[PDB]
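Asker: So in the entry's author numbering, spot 72 of the sequence shown is number 72, and the numbers just go up one at a time.
Just so you know, even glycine gets a beta-carbon here, dropped at the ideal spot from N, CA and C.
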Amino acid sequence: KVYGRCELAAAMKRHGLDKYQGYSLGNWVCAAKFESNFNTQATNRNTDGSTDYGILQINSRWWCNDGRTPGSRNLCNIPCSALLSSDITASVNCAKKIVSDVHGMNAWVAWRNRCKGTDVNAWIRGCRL
Ligand code: NA
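(1) I need the boundaries of the beta strand (DSSP E) containing residue 45, first residue and last residue.
(2) For residue 48, count the other beta carbons within 10 Å of its own beta carbon; 16 or more makes it buried, fewer makes it exposed. Which is it?
(3) Please tell me whether residue 40 and residue 86 are closer than 8 angstroms, where the distance is taken between their beta carbons.
(4) For residue 2, collect the residues of the same chain with a Cβ closer than 7 angstroms to its Cβ; drop the 5 residues on either side in sequence, then sort them by chain order.
(5) Is any non-hydrogen atom of ligand 1 found closer than 7 angstroms to the C-beta of residue 14, if you look at the structure I gave you?
(6) Can you pull the DSSP bridge partners for residue 59?
(7) Could you give the C-beta distance for residue 75 and residue 62, rounded to a whole number, given that I count them as a contact under 8 angstroms?
(8) Would DSSP call residue 102 helix, strand or coil?
(9) Under 6 angstroms Cβ to Cβ from residue 126, same chain only, skipping five residues before and after it: list those, please.
Take a look at the structure:
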């Protein structure tokens, strides 16, 4: 599924991400925009043999089990396929484990490059939340 901007914003809000670890809602929306273009089915194979899965492009070397990344960890305790669902629940629950402190969104490269220190409120402006 490809979410609309405001559609995702509302879902993220529902899921309790606003002000999670001090990060306003727009941060999460912006991350998703630049990581996956809001596509729940997005996957990207990395040169280390790991893969990034889903709307937040969560990686198999540490966070999920895809059965094909040798010597990796599974910190969210889920199969990576759970992260490709149309509903964002599994992805949000894993993202909450990833962001364990107030600097935790640095785990996402696209967030650091396109979101951090910008007007992230733009990503929810014009929506009904
Ligand atoms: Na893994």
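Answerer: With the structure as the only source:
(1) Translated into positions along the sequence shown, residue 45 becomes position 45. Looking at the DSSP string, the run of the beta strand (DSSP E) that includes residue 45 is 43 to 45.
(2) Within the sequence shown, residue 48 is the residue found at index 48, counting from 1. With fewer than 16 Cβ atoms within 10 Å of its Cβ, residue 48 is classed as exposed.
(3) Sequence index remark: in the sequence shown, residue 40 carries index 40 (1-based). Sequence index remark: in the sequence shown, residue 86 carries index 86 (1-based). Yes; because the gap between Cβ atoms is below 8 angstroms, this pair is in contact.
(4) In the sequence shown, the residue the question calls residue 2 occupies position 2. Excluding sequence neighbours, residue 2 sits near 38 and 39.
(5) As a position in the sequence shown, residue 14 is number 14, starting the count at 1. Every heavy atom of ligand 1 is 7 angstroms or more from the Cβ of residue 14, so no.
(6) Working through the sequence shown from its first residue, we reach residue 59 at position 59. DSSP, once it has assigned bridges, lists 52 as partnering residue 59.
(7) Within the sequence shown, numbered from 1, the residue matching residue 75 stands at position 75. Within the sequence shown, numbered from 1, the residue matching residue 62 stands at position 62. With a Cβ gap of about 6 angstroms, residue 75 and residue 62 count as contacting.
(8) To locate residue 102, count along the sequence shown from 1; it is residue 102. Of the three classes helix, strand and coil, the one that applies to residue 102 here is coil, per DSSP.
(9) Position 126 of the sequence shown, counted from the first residue, corresponds to residue 126. Cβ neighbours of residue 126 beyond the five flanking positions: none.
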